[PDB]
Amino acid sequence: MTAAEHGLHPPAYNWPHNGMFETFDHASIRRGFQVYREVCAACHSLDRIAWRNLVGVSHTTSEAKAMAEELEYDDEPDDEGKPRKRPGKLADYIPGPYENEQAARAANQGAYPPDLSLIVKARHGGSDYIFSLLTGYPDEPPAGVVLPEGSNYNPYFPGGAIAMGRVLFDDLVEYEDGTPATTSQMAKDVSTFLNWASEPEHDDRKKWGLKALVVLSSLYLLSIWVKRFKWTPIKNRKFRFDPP
Amino acid sequence: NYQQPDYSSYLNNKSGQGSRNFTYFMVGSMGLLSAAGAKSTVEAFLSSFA
Amino acid sequence: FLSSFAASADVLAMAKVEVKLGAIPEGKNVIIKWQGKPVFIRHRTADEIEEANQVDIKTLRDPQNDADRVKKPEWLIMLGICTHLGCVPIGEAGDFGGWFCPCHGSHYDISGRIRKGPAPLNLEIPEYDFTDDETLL
Amino acid sequence: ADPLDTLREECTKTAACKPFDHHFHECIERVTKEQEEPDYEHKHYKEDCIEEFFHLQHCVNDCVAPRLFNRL
Amino acid sequence: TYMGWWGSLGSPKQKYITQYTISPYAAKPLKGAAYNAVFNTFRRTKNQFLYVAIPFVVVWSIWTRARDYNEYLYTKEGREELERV
Amino acid sequence: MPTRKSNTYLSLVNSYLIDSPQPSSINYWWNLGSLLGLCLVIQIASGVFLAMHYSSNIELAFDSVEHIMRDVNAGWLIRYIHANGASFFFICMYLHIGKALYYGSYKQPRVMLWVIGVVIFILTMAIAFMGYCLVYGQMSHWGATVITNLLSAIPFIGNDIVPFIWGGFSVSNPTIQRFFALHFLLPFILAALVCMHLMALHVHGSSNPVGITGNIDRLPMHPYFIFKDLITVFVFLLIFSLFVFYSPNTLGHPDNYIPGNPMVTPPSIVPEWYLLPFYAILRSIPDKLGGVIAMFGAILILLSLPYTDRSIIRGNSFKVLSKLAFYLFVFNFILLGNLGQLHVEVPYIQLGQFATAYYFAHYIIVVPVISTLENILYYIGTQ
Amino acid sequence: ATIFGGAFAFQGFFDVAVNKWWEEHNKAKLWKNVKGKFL
Amino acid sequence: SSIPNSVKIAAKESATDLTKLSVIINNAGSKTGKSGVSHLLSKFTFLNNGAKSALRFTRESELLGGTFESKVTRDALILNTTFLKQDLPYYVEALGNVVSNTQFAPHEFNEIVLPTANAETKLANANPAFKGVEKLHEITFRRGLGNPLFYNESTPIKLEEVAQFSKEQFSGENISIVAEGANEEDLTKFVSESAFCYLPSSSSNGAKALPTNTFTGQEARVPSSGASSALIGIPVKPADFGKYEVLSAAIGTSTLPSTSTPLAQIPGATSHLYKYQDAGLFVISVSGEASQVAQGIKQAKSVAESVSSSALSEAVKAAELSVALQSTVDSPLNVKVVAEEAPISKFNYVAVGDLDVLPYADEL
Amino acid sequence: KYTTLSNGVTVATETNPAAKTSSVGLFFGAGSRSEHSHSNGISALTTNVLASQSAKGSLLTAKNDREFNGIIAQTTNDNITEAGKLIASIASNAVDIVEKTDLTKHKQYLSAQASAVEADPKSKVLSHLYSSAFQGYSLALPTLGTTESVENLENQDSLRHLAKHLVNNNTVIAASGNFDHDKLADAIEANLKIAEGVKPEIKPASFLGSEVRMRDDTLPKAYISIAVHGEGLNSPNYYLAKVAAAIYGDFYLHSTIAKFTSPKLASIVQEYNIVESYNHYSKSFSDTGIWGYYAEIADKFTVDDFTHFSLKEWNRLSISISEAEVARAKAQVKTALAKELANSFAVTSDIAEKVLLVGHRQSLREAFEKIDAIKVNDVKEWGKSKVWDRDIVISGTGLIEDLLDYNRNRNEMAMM
Amino acid sequence: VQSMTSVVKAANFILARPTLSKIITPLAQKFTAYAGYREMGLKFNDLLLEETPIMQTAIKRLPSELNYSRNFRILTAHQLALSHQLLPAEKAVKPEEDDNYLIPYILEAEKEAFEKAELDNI
Ligand code: HEC
Ligand code: HEM
Ligand code: HEM
Ligand code: FES
């Protein structure tokens, strides 16, 4: 395919969580969730994440619970059969802004903003791509390209035309810890949060991996030694052939 | 009978009962590391039952 | 016992979506859900059916003909996407005034072929086996 | 100002990125010239600077990437 | 069969061959592991290199030519040749 | 007699593990078999722990997988194992076929063994593919669709067999459910085939890197090649951990994490990496029937190999030209695998056709011609 | 047997070593260490 | 000494504080019964008594540290025992219950006796020298002393025959208890109170000793694989035992393994004077490669004759040494070694092995 | 009884009035252990040359042991003194006798003996086991030398050997039988005239676990031997090592008592008739020993089974030996010692060996008292120290395809 | 597998003609030297695929000395492959010692088998 079709390959930013022994910057996870709720919740669902998943990751249990009550959810209809609703609780999944794909397509010129609970594991560049996508919008589209009405040019998007349009702008969010809210900072935070949402086991997975590597590497060295030792009699065999 | 090949260089420098003791140490360490890894894996899998 | 592998009632029937051909008016959208996807269809108008017979397949870049496209003469159909990459199909627009690949504004002919615009290939036919005074898909 | 824009500005001014920026700008000029003719809408091949833009952005990304998160 | 059990492995009548060996616990384990794993490994790689390199060079040259041609085709200068194909 | 021989069960375990008179000159390559067996356990083990949580309904398959990843305690570990372990299962199987191709482990006394090998291969591929279809991502669904459409090319029964496969009129709930059932099952058929493999191995024993008879110097297996098996197993597990815990999705395709949608085909359709070569062959032949026949021949021609190999000497270790031919074949196989993932484009269509041509030419021309030439060269040189 | 008990020694040793090195290498990033700033 | 059964008892001090007790059944050897009965009987001796079974008596003996064997000789059947001085009252009693009330169960005849006897016969005959000596006895003393020393399937023997040969033998007049390193009075008491007291004085219906009937000038040939062997045999009267012991020691005797003797100068050659109650056989044997033996036997023949009477007299002391060495507890020997000349012209000859190479008696 | 004559040579005699025959011999130490590869077998050749001299009616024979050599003149009691003089002469003229000797014939005799020890399967197996166990040291050499080294010996080599080793400090006159000790001592003193010299330093030796396999598929059986570093004549465990060996004792499948022998291994190997025969031994040299067994297996498919069961029974030595087995072993070792010391020739050889190699000989009654002091716990301590988990040396001759390589047998030494 | 009868047929087809002989034989020696089996003590005939009834008969009809030498060479090759080391140039099998010792017996075996096959189809 053409370079435009494949989409510009996102570079490799030295994320705090790339190396084999680094976790997510949970400060960045919280800031990314803030940016998500502030900007992305207008269009994107992120269904597979439940408020309970945030306890001990980016929010204390009280904060997640409180954020749960702030929303309404459908409960089992009353014994009279009328519909009933309840304040949200930890077990509830985060709600998207649209009731169904039909509504989302209707409200976004037919484009369907994909659920973000797997957008990092469902794209080639992973986290980098998301970052490169959110800050890849050029102020002036490259000369000669004509976009379909409603589309905005993003080189990192396959085909070069994306219905999103730039969303992250300077100082769009007041971070809770006083961190500056440059567009690049917001993009990094959102990418990190979405990477967590697509890989909640990341920290546990890499810790278990470190333990497994320690155990298996020590055991592999021991096996090497034991095999060489028990094979010393064979590799040290010496023959003679003395016929008349 | 005859002249054996010279193993002088191959011979260990360490005591007769000591080298086997060290072999016991590492073989048992391998066995117990393997037991710990198997315990971790089996616990992780059975935790899915819960 | 291997007959279990075959389409199961809930599938042998229900899967073939019989719908009355007579109900559709000649000019409008009888947009239908079939093969678990869009299944848009228009029983052919007499002038439109004739206009297509005259149109040359060679003229179109797409290598397709109306006679192969329509099983039952007047009644046929297309599956739900105006362009090769799915484009929601608009009604009565395009190079021939048949459909508009609205997702890119591409032009879809009354034939349904990729007459113009972004479609890599001509629009596909939702189970094209419609027959008699009914449709099926 | 956000670090990313200043990093792009610094990188595009680097010698390695200079030829790509050059090529991209004369590509823009050439495409505007092509758009000046009244027959542009009829041209089968309507040039665009997508490829030069991609080259420039790749050569700028290769510079910004390792340094950016030191700024955040 | 062509491999019996230990008593009769199918080996021809063997005779006059004396096999000497020393016990473990009485031999230097990893006697020349460090020096051998370098020198002898290099010797083995030197012997076996050409057989892997000549086929690899041929196949990777073909692949490089194809890849470069494909990259050239999808460019503003490769448009015409892409159309001709 | 010792308990390890008197008891029939322990007698079998001894004959296969403790006293199997393995040749003394076998490299580390002969350990691959054990790894394969190990992997067969892992695939089963983790597999049995995924079905305990996987729901085969089409509307639940992908959500059920995500429930495994996110909700089950070690579910992420079990899924990443069951997947990367399949990838490693095929890595070890390709290495085990490469070893059997380099050394003449497929020659006379073991032809039967080789045959089961091939069958295992074939069966395994099915299993893997079928299991992949269970994820019901975009690439999962569309791989199933493409496979069934290609099998629709059988001359007369093709139009009728496909609905029996689909269980309907397209890849849908019945297809995913039957794939789940047959995927849970066929691994045990493969375990039986592996038992047959081991029986055919034990009847005549294993070969040597030198090719010559090992009967003159054979070693037990308990103190020797069991502790070599441990080196190979721990290296396997160490690399398997480097994958499972760090970058576990490297071998997979990102599009598989988008839930299957028949109404939108993804930009490109590729199998999981280990099936890419054959897929490439399938695309090298234009005719659909021609493509499927050529692919299944690309797998089955291993059966013809023991008869086209006219070499008097077992193995390649002592053969100049045959080693070059073997490495050229291996690199062409990797080239076919590479072309499998690449779009059908101007140079790649011709390159894939040539690569498939040479892939089959290997077995049916190069192996016989080269083997005969080297037999003559050996005899002339010694004289 | 003593294999069962001994496996605990090694498992606990490696587990505590890693669970003491990890929260030292990453102390600046974990939640329990960052929560103070946002409280 | 003796007891009412007329069982002779001989006891004398020993050097190595072991009571090498032994019982010598006078004429229950290979000469008495049909060919091979004495071998099977010797194999039955210590297995099952009327007092202790094999698995009990053997275990107890091994605990006590003693050894026991039963060897068949053409004259007598010898039951040797060897134990510490503290152990006499046990073994002697056991020996009584061996001579009397030995069980002779068929399952022992088929599991422990016939297999063992056949194995011993095959092992002994694998030696060409021993096969040649057996043939030499066969052709020199046609019956009695010439009976095969070991059981052979060519002369089938049924359990009833062995049992009836134990009975009708083993009688009081027919057994002689000999001990080395045991007080004769204590041994007499133990024997008197043991089962030996119950044996009949003489066999009522057997033990009709036959005359020796020595035959000379004969020859034989026994083809055999592997090593060959040529033997020359002089039958000798008991009164001549002195002459030939001096001759054998003069040329070289098996009892005195030494170089520098005329017969030791040729490979594989040896000599020995087998001594029996009523006759003896002086055997000069050569063994080894057939070609070597062909010349070796002729050289040995030429050496045995033409031995200087001065050297023969010089060999008197060596012959006395050899007689002293041979006189074990089981085989008491009383031969006065004189230097008197011993002829050889009356020799029997037997060849074993590559009969195409070995010479005939006519070539000496 | 001991008397150190002039020249410092010691006459040691064990006279017993019950002795059937008398023996007297001169032994001068320095067997094969004193040789080296090039000149191996020279001690045996020299002793054979000396023993080939005119016997004057006695029986002059050579000893040719591993570590000591000598000439023994057996003779009836009344003649003993004459024999004394004889050997004295033979040793006072040893250099003259060697010089005037045409070593050809003696060298074919020694080569015939060396071939004999390389044909008799047990002799070959045990010689190879000793060679591999002490490989690298003179003790590995054959007692009688090899056919390749014997033919390369010359008179000057034997003269040098005699001059080095036939010295007063390194020689002993041993005797036994029924005679007055003083008469023999006086007769030898007047006739013995040998060169002065210091006792040659006895060469070192150290056990090395190893395996040697002379597989000859043409033989009818498998003659193997397995042993550990035993106890030398000096070690106080000497008799304890013998008791440990006798715990497993001997076994011959076709012997009548084969079904009744006490040792557990005998009952174990008769279930499938694993082995044809075996014998446990504790060979003791001056300072080091080999404790193990020799075995002949008829069925070539059961060598591994026999080795497995025998080494398991050895494992029992350190754990589960009962007072019954210990008492049986004690009694059998006492009886074997008393049997070995009956013939006057054997008594003379034993006196020479002990006096030369340990300096003092424990009387048979003292040996009995020392053995009777052994308890089961002493045997188990010895098993822990010397048998449990110690390197083994292995040897085999024919049909040893089933004899699994070292590691299997070695690991059998410690599995419970 | 190719029969030694056919291999020798082709080899004598080539050797008889001077042009092919001159072109190939140097290449044959070069190929046999680069094969690397001689560096492990193996003669060419040791490499032959033993696991066939014809070849099994051929070995079963070897003389004693050749059989034992073959056993020792095979064992040495196994040990060298086991220890990943090669014989020094002076100890390797020289080109003149690669004497094709087993070929005549294999040819006799194939002659017997071919006559039996021909007569069964008389
Ligand atoms: C308003 C409407 C929004 C807002 C506030 C955000 N997005 Fe984005 N999104 C939106 C549209 C119309 C689309 C259509 C995409 C298309 O045309 O193909 C999307 C899509 C995405 C994607 C898909 C990228 C891809 O498939 O290559 C991602 C990823 C994504 N949106 C993420 C995202 C993030 C992180 C936002 C942060 C605030 C965000 N969106 C805002 C519409 C809207
Ligand atoms: C050699 C034998 C097997 C191989 C090679 C194999 C391989 C695979 C592969 C590659 C996948 C794709 C999963 C993914 O991409 O996420 C898969 C899926 C799966 N396999 Fe296996 N498998 C084997 C045996 C088994 C067995 C015995 C079971 C028993 C339950 C099993 C259960 C599953 C399940 C439930 C899935 C669904 C995947 C998911 O839900 O994540 N497999 N298999
Ligand atoms: C689960 C999959 C498999 C298992 C568990 C298995 C098992 C084994 C084992 C244990 C060995 C002995 C060790 C070794 O030689 O590496 C072996 C060898 C072999 N493998 Fe497999 N096998 C499998 C699949 C295959 C396949 C698919 C093929 C070929 C298509 C194959 C071909 C062979 C051959 C020919 C041998 C004999 C090698 C020789 O003797 O040189 N195997 N196998
Ligand atoms: S493919 Fe999207 S517009 Fe036709």
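- In its metadata, the entry names cryo-EM as the structure determination method and reports 3.2 Å as the resolution.

**Considerations on the overall build of chain H**
Here comes step 1: A count of helices and strands for chain H gives eleven helices and eleven strands.
Here comes step 2: In summary, chain H has a C-alpha radius of gyration of 21 Å against a globular reference of 21 Å for 364 residues, a match within 12%.
Here comes step 3: Projected onto its principal axes, the C-alpha positions of chain H cover 60 × 40 × 40 Å.
Here comes step 4: At a minimum sequence separation of 6, the contacts of chain H that also span at least 24 residues come to 80%.

**Things to note about the overall build of chain G**
Here comes step 1: Within chain G, the secondary structure is distributed over two helices and zero strands.
Here comes step 2: If one aligns the C-alpha atoms of chain G with their principal axes, the spans along those axes are about 50 × 15 × 5 Å.
Here comes step 3: Going through the 39 residues of chain G one by one, you find that 31% of them count as buried.
Here comes step 4: In the form shown here, chain G has an accessible surface area of approximately 2700 Å², with 68% of it arising from carbon and sulfur atoms.

**Quick notes on the coordination of the iron atom of ligand 2**
Residues and elements named next belong to chain F.
Here comes step 1: Coordination of the iron atom of ligand 2 by the protein comes from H82 (NE2) and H183 (NE2), over a distance range of 1.8 to 2.5 Å.
Here comes step 2: For the iron atom of ligand 2, the six donor atoms in the first shell make angles of 67 to 172° at the metal, so the coordination geometry reads as irregular. With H82 in helix α5 (residues 75-102) and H183 in helix α9 (residues 173-204), the pair connects residues that are 101 residues apart, well separated along the chain.
Here comes step 3: Looking at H183, the relative accessible area reads 11%, which means it is buried.

**Remarks on the interface of chain B and chain A**
Here comes step 1: Tallying the contact residues gives 13 residues for chain B and 13 residues for chain A.
Here comes step 2: Here chain B packs against chain A, burying approximately 1100 Å² in sum over the two surfaces, 81% of which is carbon and sulfur.
Here comes step 3: Of all residues in chain B, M26, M30 and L33 of chain B give up the largest surface area on contact with chain A, accounting jointly for 38% of the area buried on that side.
Here comes step 4: Applying the counting criterion to the chain B and chain A interface returns zero salt bridges.
Here comes step 5: Where chain B meets chain A, there are two residue pairs in polar contact.
Here comes step 6: Tallied by class, the residues present in the side of chain B that touches chain A amount to ten nonpolar, three polar and no charged.

**Points about the interface of chain J and chain F**
Here comes step 1: Tallying the contact residues gives 40 residues for chain J and 34 residues for chain F.
Here comes step 2: Between chain J and chain F lies a buried interface of about 3600 Å² when both sides are counted; carbon and sulfur atoms form 71% of it.
Here comes step 3: Where chain J packs against chain F, one counts one salt bridge.
Here comes step 4: A salt bridge links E51 of chain J to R314 of chain F; the nearest nitrogen and oxygen atoms lie 3.2 Å apart.

**Regarding the pairing of strand β8 (residues 228-236) of chain H**
Residues and elements named next belong to chain H.
Here comes step 1: Taking burial as the measure, the nine residues of β8 include nine buried ones, the bulk of the element.
Here comes step 2: In β8, alternate side chains face the same way, and those of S228, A230, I232, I234 and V236 on one face and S229, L231, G233 and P235 on the other are all buried.
Here comes step 3: Note that β8 and strand β10 (residues 280-288) share nine bridges and pair antiparallel. Paired with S229 across the bridge in β10 is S287.
Here comes step 4: In this structure, β8 lies alongside strand β11 (residues 348-353), joined through five bridges in antiparallel fashion. Residue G233 lies in a different strand from β11, and its bridge partner there is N348.

**Quick word on the sheet that holds strand β2 (residues 10-15) of chain I**
Within a sheet, neighbouring strands are paired by backbone hydrogen bonds and run either parallel or antiparallel to one another.
Residue and element names in this part refer to chain I.
Here comes step 1: With mixed pairing, the six strands of this open sheet are ordered in space as β1-β2-β6-β3-β5-β4. The strands lining the two open edges of the sheet, one partner per strand, are β1 (2-4) and β4 (59-62). Averaged over all adjacent pairs, the angle separating strand axes in this sheet is 15°, with direction ignored.
Here comes step 2: In this structure, strand β3 (residues 22-27) lies alongside strand β5 (residues 70-75), joined through six bridges in antiparallel fashion. Across the sheet, residue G25 finds its bridge partner in β5, namely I72.
Here comes step 3: The strands that helix α13 (residues 344-357) touches are β1, β2, β3, β4, β5 and β6 (172-177); relative to β6, the one it contacts most, it runs at about 150°.

**Overview of a nonpolar patch on the surface**
Residue and element names in this part refer to chain E.
Here comes step 1: A contiguous nonpolar patch, built from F49, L50, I54, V58 and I62 and spanning about 470 Å² of accessible area, is present on the exposed surface.
Here comes step 2: Mapped onto the fold, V58 is located in helix α1 (residues 33-73).
Here comes step 3: Residue classification places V58 among the partly exposed residues on the basis of a relative accessible area of 41%.

**What about empty space enclosed by the protein?**
Residue and element names in this part refer to chain F.
Here comes step 1: Approximately 780 Å³ is the volume attributed to the largest cavity.
Here comes step 2: Taken together, 41 residues line the largest cavity, and the ones lying closest to its centre are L50, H82, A83, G131 and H183.
Here comes step 3: Mapped onto the lining of the largest cavity, the elements with two or more residues apiece are α3 (32-51), α4 (61-70), α5, α6 (111-135) and α9.
Here comes step 4: Ranked by the residues each element gives to the lining of the largest cavity, the list is headed by α5, at nine residues.
Here comes step 5: The residue inventory of the lining of the largest cavity, partitioned by class, reads 27 nonpolar, twelve polar and two charged.
Here comes step 6: Approximately 170 Å³ is the volume attributed to the second largest cavity.

**Some remarks on the arrangement of the chains**
Here comes step 1: The assembly contains 19 pairs of chains in contact; the pair sharing the most contacts is chains F and J.
Here comes step 2: Separating chain E from chain G is a minimum C-alpha gap of 25 Å, and the two share no contact.
Here comes step 3: These two, chain D and chain J, are apart from each other, with no contact and a minimum C-alpha gap of 46 Å.

**Comments concerning the site of ligand 1**
Residues and elements named next belong to chain A.
Here comes step 1: Residues in contact with ligand 1 amount to 21 residues; listed here are only the nearest, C40, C43, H44, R123 and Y129.
Here comes step 2: A distance of 2.7 Å separates an oxygen atom of ligand 1 from a polar side-chain atom of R123.
Here comes step 3: Between ligand 1 and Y129 there is a distance of 2.4 Å, counted from an oxygen atom to a side-chain nitrogen or oxygen.
Here comes step 4: Elements represented by at least two residues in the shell around ligand 1 include exactly α5 (127-134) and α6 (183-198).

**Topic: the domain arrangement of chain H**
Residue and element names in this part refer to chain H.
Here comes step 1: Assigned domains of chain H: these are domain 1 (1-218) and domain 2 (225-364).
Here comes step 2: The C-alpha-based centres of domain 1 and domain 2 are spaced at 28 Å.
Here comes step 3: Contact residues are listed per partner, giving 31 residues for domain 1 and 27 residues for domain 2.
Here comes step 4: For the domain 1 and domain 2 pair, buried surface summed over both sides reaches about 2200 Å², with 65% attributable to carbon and sulfur atoms.
Here comes step 5: Where domain 1 packs against domain 2, one counts one salt bridge.
Here comes step 6: The partner of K31 in a salt bridge is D278, and the shortest N-O contact between them spans 3.9 Å.
Here comes step 7: The tally of links from domain 1 across to domain 2 stands at eight residue pairs in polar contact.
Here comes step 8: The element that contributes the greatest number of residues to the side of domain 1 that touches domain 2 is helix α5 (residues 128-140), accounting for ten residues.
Here comes step 9: Within the side of domain 1 that touches domain 2, the residues separate by chemical class into twelve nonpolar, eleven polar and eight charged.

**Examining the site of ligand 3**
Residue and element names in this part refer to chain F.
Here comes step 1: What surrounds ligand 3 is a group of 24 residues, the closest being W30, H96, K99, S105 and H197.
Here comes step 2: One of the side-chain nitrogen or oxygen atoms of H96 is found 2.7 Å away from a nitrogen atom of ligand 3.
Here comes step 3: Here an oxygen atom of ligand 3 sits 2.9 Å away from a polar atom, N or O, in the main chain of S207.
Here comes step 4: Among the secondary structure elements, those contributing two or more residues to the shell around ligand 3 are α3, α5, α6 and α9.
Here comes step 5: Ranked by the residues each element gives to the shell around ligand 3, the list is headed by α6, at six residues.
Here comes step 6: Residue classes in the shell around ligand 3 are distributed as 14 nonpolar, eight polar and two charged.

**Structural notes on the pattern of salt bridges**
Here comes step 1: Counted under the stated rule, the structure contains 68 salt bridges over all chains.
Here comes step 2: Taking the shortest distance from any N to any O, the salt bridge between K20 of chain I and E180 of chain H comes out at 3.0 Å. With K20 of chain I in the loop between β2 and β3 and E180 of chain H in strand β6 (residues 175-180), the pair connects residues from two separate chains.
Here comes step 3: For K20 of chain I, a relative accessible area of 36% corresponds to the partly exposed category.
Here comes step 4: Its salt-bridge partner being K107 of chain I, residue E154 of chain I comes within 3.6 Å of it at the nearest N-O pair. Pair noted here: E154 of chain I is in the loop between α6 (147-150) and α7 (155-165) and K107 of chain I is in helix α4 (residues 103-117), with a separation of 47 residues, a long-range link.
Here comes step 5: For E154 of chain I, a relative accessible area of 38% gives the class partly exposed.
Here comes step 6: Judged by its relative accessible area of 13%, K107 of chain I is buried.
Here comes step 7: It is possible to trace a salt-bridge network through shared partners that takes in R4, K5 and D19 of chain F together with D304, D305 and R408 of chain I.

Cut-off values and rules
Residues numbered from 1 in each chain as written, not as in the entry; some residues may be left out. Chains lettered and ligands numbered in written order. Heavy atoms only, no water. Residues with missing side-chain atoms left out of burial classes, pairs and counts. Helix = DSSP H or I, 4+ residues; strand = E, 2+ residues; numbered from the N terminus. Rg over C-alpha atoms; globule rule 2.2 N^0.38 Å. Contact = heavy atoms within 4.5 Å. Buried < 20%, exposed > 50% of the residue type's maximum accessible area, 1.4 Å probe, protein only. Areas by Shrake-Rupley, 256 points an atom, 1.4 Å probe, with all protein chains shown as cover. Donors = N, O, S within 2.8 Å, 3.2 Å for Na, K, Ca; no water. Tetrahedral: all angles 85-135°; square planar, octahedral: opposite > 155°, others 65-115°. Buried area = accessible area lost by both parts, 1.4 Å probe. Salt bridge = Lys/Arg side-chain N within 4 Å of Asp/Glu carboxyl O. Polar contact = N/O pair within 3.5 Å; in protein donor to acceptor, adjacent residues only side chain to side chain. Nonpolar A, V, L, I, M, F, W, Y, C, P; charged D, E, K, R; others polar. Pairing = 2+ DSSP bridges. Axes fitted to C-alpha atoms, helices over the stretch in contact; angles between N-to-C directions. Patch = residues over 30% accessible without salt bridge, like charges linked within 9 Å, V, L, I, M, F, W, Y side chains within 5 Å. 1 Å grid on protein atoms, 1.4 Å probe; cavity = no way out; pocket = protein on both sides within 12 Å on 5 of 7 lines; lining within 4 Å. Points joined across faces, edges and corners; volume = space filled by probe spheres on them. Near = heavy atom within 4 Å. Domains from an automatic or database assignment.

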